[PDB]
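Read the single chain below, which is given as structure tokens and is the form deposited in one PDB entry.
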């Protein structure tokens, strides 16, 4: 039977990324307590915990905690310099996302991209750019569609292959 198409995977990315952000933020609160950076937008976003995509984004947040520390530490330092406008956010997002996939696609790099979206969203919020988390979501969804990441994931069996 047919598994998810490129188009279905590309649509699914919205929910995977929202779920990743939610559970990653929850994990950061668990690990850092009152030291965790505040972003109420990441607590209140749309969530369907029991859905397959909700489960996938959660699992990527969990495994990301252990495999993404390298990509992450740098992201934090290399974002301190970004200005809170939509254009600067887009330009930075696009340069870094492009660099992550220059030598091909793998699951660790997909998780890195989700984590970079997370850090970017958090940074712009901390610098006063509210109402932008949906925009970072759309940056991620659209980048993965047009840069053939959704196609690659469909070829691996869809987002469920990440469970």
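Positions refer to the first chain, counted from 1. Take the two forms, superpose them, and find the largest set of C-alpha atoms that agree within 1.5 Å; that set is the rigid core.
The form solved in complex with a partner chain exists for this protein as well; it is not shown, and the discussion that follows is about that form.
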query	finding
Displaced position between this form and the one not shown, chosen from 111, 105, 45, 129 (C-alpha, 2 Å or more, rigid core)	45
Residue shift check between this form and the one not shown, rigid core fit, residue 69 Cα at least 2 Å	yes
Core-aligned CA displacement of residue 88 at least 2 Å between this form and the one not shown	no
Cα separation of residue 22 and residue 48 in the entry with it bound versus here, shift of 3 Å or more	farther
Closer or farther in the entry with it bound: C-alpha pair residue 50, residue 60 (3 angstroms or more)	farther
